[PDB]
Every structure is written in C-alpha cells, then in structure tokens.
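Engineer: One structure, pasted below without further comment.
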Amino acid sequence: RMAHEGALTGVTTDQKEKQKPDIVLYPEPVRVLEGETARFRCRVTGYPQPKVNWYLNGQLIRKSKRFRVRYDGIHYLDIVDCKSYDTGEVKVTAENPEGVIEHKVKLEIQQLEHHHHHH
C-alpha cells in the first residue's frame, strides 16, 4: 500500500535506457585484390562504452595514428599501407561486467586488380 519503502536509485548515472549487449561486425566474408584499400567497421552496442578488443588477420592490437582506431568501443580497419596481398582471418570479441560476446569472420586478400577476360 506504501510505494515508498526504500531510496530510489538515480537514473542520470550515465544512461536512461538499459539495453542488452550485442556487437556489430561483418558476418559476410569480403575479398579484395592487392592495390585496393579495404574498409570495414567494428563497433559494439547495447551497453555504454564497454572494453572490447579485436584480431586482424588473427593478430590482436593494431597500430594507432597510422590507422583509424580508438579503444573505447570504436575500431575501424583501414588497410592502404599497400601491404594487403595476404589472406588471413579476423575475429572480434567483447567484454562487459554483465556480458561477453564473440563472432568469427573470414577476410582473404588476393592480388592485382584486373579481372580475367576472354573472347
């Protein structure tokens, strides 16, 4: 009968609406020929600025300022350093005090730029 019985926890703590975790990536494999710049997006969502990391070609931690990267939920993979001719695998994981996620995708980089042709 008495709605009041305990202190009400503030909401302005950081967010207003609590959503369920869920990372965003490229489930669709992508292939590019050497000499072409590749663009992929890797962000997280459902939870405020979590602590996630990723693996390029299966390698954790990518160079800073050289490539657009910010460890705060935002990670873009831009390869134009001219070294692309190498097929590998990308795997992204995420951490959260209340959740953990994982997704595997395959990226293979061929070579050249011109497609085959015939009669």
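Naming works like this for the structure tokens: A, B, ... for the chains as they're shown, residue 1 at the start of each chain, ligands 1 onward in shown order.
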When you look at residue A:110 with a cut-off of 8 Å (counting only C-alpha atoms), what residues show up, excluding the ones that are within fewer than 3 positions of it in the same chain? I need them as an NGL selection string.

Structural biologist: :A and (31-34 or 84-87)

Engineer: Just N, CA, C and O atoms for this one: save the residues we selected as a PDB file, in the first residue's frame.

Structural biologist:
```
ATOM      1  N   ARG A  31      36.490 -10.081 -49.925  1.00  0.00           N
ATOM      2  CA  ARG A  31      37.749 -10.331 -50.642  1.00  0.00           C
ATOM      3  C   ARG A  31      38.134  -9.134 -51.503  1.00  0.00           C
ATOM      4  O   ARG A  31      37.297  -8.579 -52.221  1.00  0.00           O
ATOM      5  N   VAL A  32      39.405  -8.738 -51.442  1.00  0.00           N
ATOM      6  CA  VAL A  32      39.884  -7.603 -52.236  1.00  0.00           C
ATOM      7  C   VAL A  32      41.235  -7.945 -52.859  1.00  0.00           C
ATOM      8  O   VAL A  32      41.998  -8.720 -52.292  1.00  0.00           O
ATOM      9  N   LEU A  33      41.524  -7.360 -54.018  1.00  0.00           N
ATOM     10  CA  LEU A  33      42.791  -7.609 -54.705  1.00  0.00           C
ATOM     11  C   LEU A  33      43.823  -6.571 -54.265  1.00  0.00           C
ATOM     12  O   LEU A  33      43.497  -5.394 -54.111  1.00  0.00           O
ATOM     13  N   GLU A  34      45.059  -7.011 -54.046  1.00  0.00           N
ATOM     14  CA  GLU A  34      46.119  -6.101 -53.611  1.00  0.00           C
ATOM     15  C   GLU A  34      46.154  -4.863 -54.486  1.00  0.00           C
ATOM     16  O   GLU A  34      46.013  -4.947 -55.704  1.00  0.00           O
ATOM     17  N   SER A  84      48.628  -5.771 -48.588  1.00  0.00           N
ATOM     18  CA  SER A  84      47.317  -6.373 -48.466  1.00  0.00           C
ATOM     19  C   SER A  84      47.364  -7.827 -48.944  1.00  0.00           C
ATOM     20  O   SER A  84      46.629  -8.668 -48.442  1.00  0.00           O
ATOM     21  N   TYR A  85      48.207  -8.083 -49.950  1.00  0.00           N
ATOM     22  CA  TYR A  85      48.341  -9.419 -50.563  1.00  0.00           C
ATOM     23  C   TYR A  85      48.586 -10.533 -49.536  1.00  0.00           C
ATOM     24  O   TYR A  85      49.631 -11.175 -49.543  1.00  0.00           O
ATOM     25  N   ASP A  86      47.645 -10.759 -48.639  1.00  0.00           N
ATOM     26  CA  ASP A  86      47.814 -11.792 -47.642  1.00  0.00           C
ATOM     27  C   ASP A  86      46.455 -12.185 -47.083  1.00  0.00           C
ATOM     28  O   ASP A  86      45.765 -11.373 -46.470  1.00  0.00           O
ATOM     29  N   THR A  87      46.040 -13.417 -47.322  1.00  0.00           N
ATOM     30  CA  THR A  87      44.741 -13.858 -46.828  1.00  0.00           C
ATOM     31  C   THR A  87      44.851 -14.293 -45.369  1.00  0.00           C
ATOM     32  O   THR A  87      45.740 -15.063 -45.013  1.00  0.00           O
TER      33      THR A  87
END
```

Engineer: I'd like the neighbourhood of residue A:45 as a PyMOL selection string, where a residue qualifies if any of its atoms comes within 12 Å (using only C-alpha atoms), though same-chain residues fewer than 4 positions away should be ignored.

Structural biologist: chain A and resi 18-25+49-52+72-74+94-96+99+101

Engineer: Go ahead and write the residues just picked, N, CA, C and O atoms, as a short mmCIF file (atom, residue, chain, number, x, y, z; two decimals), in the first residue's frame.

Structural biologist:
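Wrote it out as out.cif, contents follow:
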```cif
data_model
loop_
_atom_site.label_atom_id
_atom_site.label_comp_id
_atom_site.auth_asym_id
_atom_site.auth_seq_id
_atom_site.Cartn_x
_atom_site.Cartn_y
_atom_site.Cartn_z
N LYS A 18 18.42 0.87 -20.34
CA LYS A 18 19.34 -0.27 -20.31
C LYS A 18 18.98 -1.29 -21.39
O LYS A 18 17.94 -1.95 -21.32
N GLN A 19 19.85 -1.40 -22.38
CA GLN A 19 19.64 -2.33 -23.49
C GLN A 19 20.56 -3.53 -23.33
O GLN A 19 21.52 -3.49 -22.55
N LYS A 20 20.24 -4.62 -24.03
CA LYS A 20 21.04 -5.84 -23.94
C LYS A 20 22.25 -5.79 -24.87
O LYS A 20 22.14 -5.31 -26.00
N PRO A 21 23.41 -6.26 -24.44
CA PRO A 21 24.64 -6.24 -25.28
C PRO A 21 24.41 -6.90 -26.65
O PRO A 21 23.50 -7.71 -26.81
N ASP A 22 25.26 -6.56 -27.64
CA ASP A 22 25.16 -7.13 -28.99
C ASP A 22 26.14 -6.43 -29.92
O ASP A 22 25.94 -5.27 -30.28
N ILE A 23 27.23 -7.10 -30.28
CA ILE A 23 28.24 -6.46 -31.14
C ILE A 23 27.86 -6.47 -32.63
O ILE A 23 27.09 -7.31 -33.10
N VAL A 24 28.46 -5.52 -33.36
CA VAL A 24 28.26 -5.36 -34.81
C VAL A 24 29.58 -5.63 -35.54
O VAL A 24 30.63 -5.11 -35.17
N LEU A 25 29.51 -6.43 -36.60
CA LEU A 25 30.69 -6.75 -37.39
C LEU A 25 30.31 -7.10 -38.84
O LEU A 25 29.25 -6.68 -39.32
N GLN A 49 29.97 2.55 -23.46
CA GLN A 49 31.40 2.35 -23.77
C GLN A 49 32.03 1.16 -23.04
O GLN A 49 32.69 1.34 -22.01
N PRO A 50 31.87 -0.04 -23.55
CA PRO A 50 32.46 -1.28 -22.96
C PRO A 50 33.96 -1.37 -23.28
O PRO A 50 34.52 -0.46 -23.89
N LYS A 51 34.59 -2.48 -22.88
CA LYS A 51 36.03 -2.68 -23.15
C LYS A 51 36.21 -3.87 -24.07
O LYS A 51 36.28 -5.00 -23.61
N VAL A 52 36.28 -3.62 -25.38
CA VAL A 52 36.42 -4.70 -26.35
C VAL A 52 37.75 -4.60 -27.09
O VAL A 52 38.40 -3.55 -27.09
N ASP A 72 37.69 2.26 -27.30
CA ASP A 72 36.61 2.76 -26.47
C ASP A 72 35.29 2.29 -27.07
O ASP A 72 34.25 2.93 -26.91
N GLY A 73 35.36 1.17 -27.79
CA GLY A 73 34.18 0.60 -28.45
C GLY A 73 34.23 0.86 -29.96
O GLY A 73 33.51 0.21 -30.72
N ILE A 74 35.05 1.84 -30.40
CA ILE A 74 35.14 2.20 -31.83
C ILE A 74 36.44 1.69 -32.47
O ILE A 74 37.53 2.11 -32.10
N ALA A 94 34.27 -9.21 -27.17
CA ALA A 94 33.95 -8.04 -26.35
C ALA A 94 33.78 -8.46 -24.91
O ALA A 94 33.47 -9.61 -24.62
N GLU A 95 34.00 -7.52 -24.00
CA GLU A 95 33.87 -7.81 -22.58
C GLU A 95 32.93 -6.80 -21.95
O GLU A 95 32.86 -5.64 -22.38
N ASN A 96 32.20 -7.25 -20.94
CA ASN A 96 31.26 -6.40 -20.24
C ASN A 96 31.07 -6.95 -18.82
O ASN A 96 31.06 -8.17 -18.65
N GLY A 99 28.18 -9.06 -19.51
CA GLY A 99 28.08 -9.86 -20.72
C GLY A 99 29.41 -10.02 -21.44
O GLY A 99 30.35 -9.24 -21.26
N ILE A 101 30.72 -11.45 -25.54
CA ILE A 101 30.28 -11.91 -26.87
C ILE A 101 31.48 -12.26 -27.75
O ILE A 101 32.61 -11.88 -27.46
#
```

Engineer: Determine which residues of stretch 46-97 of chain A DSSP labels as strand (DSSP E or B) from the backbone of this structure, then write them out as a PyMOL selection string.

Structural biologist: chain A and resi 51-56+59-60+69-70+74-79+88-96

Engineer: Just the residues within 12 Å of residue A:15, please, counting only C-alpha atoms, with nothing from its chain fewer than 6 positions along; format it as a PyMOL selection string.

Structural biologist: chain A and resi 46-49

Engineer: Which value, in Å to one decimal, gives the distance between atom CA of residue A:58 and atom CA of residue A:91?

Structural biologist: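 These atoms are spaced 6.6 Å apart.
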
Engineer: If I take atom CA of residue A:115 and atom CA of residue A:57, how far is one from the other in Å, to one decimal?

Structural biologist: 24.5 Å
